[PDB]
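**Student:** Quick one: experimental structure and sequence below.
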Amino acid sequence: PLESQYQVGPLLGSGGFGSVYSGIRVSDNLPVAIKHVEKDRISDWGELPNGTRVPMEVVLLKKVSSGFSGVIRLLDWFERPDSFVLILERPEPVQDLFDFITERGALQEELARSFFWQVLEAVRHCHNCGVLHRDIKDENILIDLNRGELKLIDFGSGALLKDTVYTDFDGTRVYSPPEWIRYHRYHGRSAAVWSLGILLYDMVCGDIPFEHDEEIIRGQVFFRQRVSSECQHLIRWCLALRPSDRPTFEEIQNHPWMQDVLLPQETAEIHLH
Ligand SMILES: Nc1nccc(-c2ccc3noc(-c4ccc(Cl)cc4)c3c2)n1
């Protein structure tokens, strides 16, 4: 069964990660998103416990699926002759960080702190499940406007977490660390901190710091907006050229700027309602 239980609707996103349609589960009228991936486009394949070989995106999502609402929930998947169809939970109302920032420009530090903290918590979840997202950017973050909860979406470029070096990378370039641009090698957690550093800067300045590879490998951070003397520190720390000089997830959340974060609902009332 496939066409029988879901009611396909409009086209949401597209389309290098695949095509996402807005759908609803006929079973309970639950809002869902239906994502299609063409088999020809799939680069990473992973085996399941059933031995059956599926897209890596499915394996990752299955590992990070649970009661935690910080990462998107994979509800079900189907195989088709030429494509795979992923059923994912859909927030409503919902808007991705990119549009949210594009509308409202630079977020104020109180809001940026609430969001960034949630992202940190979500990414920590993936690592604890052996998953590395590898494409952490504003576009891949959803905002549950009512609950003030951010959801991490799209593991199409992700991979199983390992402590050995990564030599492949298919995520966003402007978010990728210098050691990828300059050596095509990196370690998961180190690189993830760099991307979060871009994300944090993107929230507080309304845009990303680095445009070209030259700016990335140099790693000099200029602030175009008034940013707290302390947020700048954390931002420059995540963007430390030397990966070892970068914070750990423990260090980032212990960083002083990250203290006294709003609860999700508070954030929604103060900044979203
Ligand atoms: N590309 C991708 N990969 C994994 C999950 C999703 C996903 C899942 C649920 C969603 N609900 O809403 C959206 C959405 C809404 C508006 C825009 Cl402009 C973009 C995405 C989802 C995306 N998309």
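**Tutor:** Received, thanks. Numbers count the residues shown, from 1 in each chain.

**Student:** mind listing what's buried in stretch 31-47?
**Tutor:** The neighbour-count check on stretch 31-47 (16 or more other C-beta atoms under 10 Å) flags 32-37, 42, 44, 46 as buried. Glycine gets a C-beta too; all of them are placed from N, C-alpha and C.

**Student:** Just say helix, strand or coil for whatever residue of the stretch 101-250 of the chain ends up closest to the ligand.
**Tutor:** Nearest residue of the stretch 101-250 of the chain to the ligand (C-beta to the nearest ligand atom) works out as residue 154 at 3.4 Å. Three-state assignment for residue 154 (DSSP: H, G, I helix; E, B strand; the rest coil): coil.

**Student:** does it really touch residue 136, like I thought?
**Tutor:** No: taking C-beta atoms under 8 Å as the definition, residue 154 is not a contact partner of residue 136, at 9.9 Å.

**Student:** And these two? Which one has more around it.
**Tutor:** Taking neighbours as other C-beta atoms under 10 Å, residue 154 and residue 136 compare with residue 136 leading, 28 against 24.

**Student:** nearest spatial neighbour of the more buried one, skipping sequence neighbours?
**Tutor:** Using C-beta to C-beta, 6 or more residues apart in numbering and skipping the chain neighbours, the partner closest in space to residue 136 is residue 195 (4.4 Å).

**Student:** Tell me the gap between the helix or strand where the one you found lies and the middle of its chain.
**Tutor:** Using DSSP states H and E, residue 195 falls within helix 188-205. Distance of helix 188-205 from its chain centroid, counting by C-alpha atoms, centre = their mean, to the nearest Å, is 11 Å.

**Student:** helices and strands around that helix, which ones?
**Tutor:** Helices and strands touching helix 188-205, as assessed by 3 or more C-beta pairs under 8 Å, 6 or more residues apart in numbering; DSSP states H and E, comprise helix 97-104, helix 109-128, helix 178-181, helix 231-238, helix 249-254.

**Student:** Partner strands of the following helix or strand past the second one, with direction?
**Tutor:** Using DSSP H and E, the next helix or strand after helix 109-128 towards the C-terminus is strand 131-132. Strand 131-132 has its sheet partners listed here by DSSP bridges as strand 159-160 (antiparallel).

**Student:** tell me how far the partner strand is from the chain's mean position?
**Tutor:** Relative to its parent chain, strand 159-160 has a centroid offset of 14 Å by C-alpha atoms, centre = their mean.

**Student:** and the closest residue to residue 253 other than its chain neighbours, what is it in contact with?
**Tutor:** Closest residue to residue 253 apart from its sequence neighbours, by C-beta to C-beta, 6+ apart: residue 120 at 5.8 Å. For residue 120, the contact set (C-beta atoms under 8 Å, 6 or more residues apart in numbering) comprises 196, 249, 252-253, 258.

**Student:** so which of those residues comes closest to residue 109?
**Tutor:** Closest approach between those and residue 109, by C-beta to C-beta: residue 258, at 10.7 Å.

**Student:** who touches stretch 108-116?
**Tutor:** Under the criterion C-beta under 8 Å, 6+ apart, residues 97, 107, 141, 143, 148, 150, 196, 199-200, 203-204, 227-228, 231, 257-258, 261-262, 264, 266-267, 270-271 lie in contact with stretch 108-116.

**Student:** what does stretch 247-261 give?
**Tutor:** If you take C-beta under 8 Å, 6+ apart as the criterion, stretch 247-261 is touched by 109, 113-114, 116-117, 120, 123-124, 127, 189, 193, 196, 228, 230-231, 233-234, 237-238.
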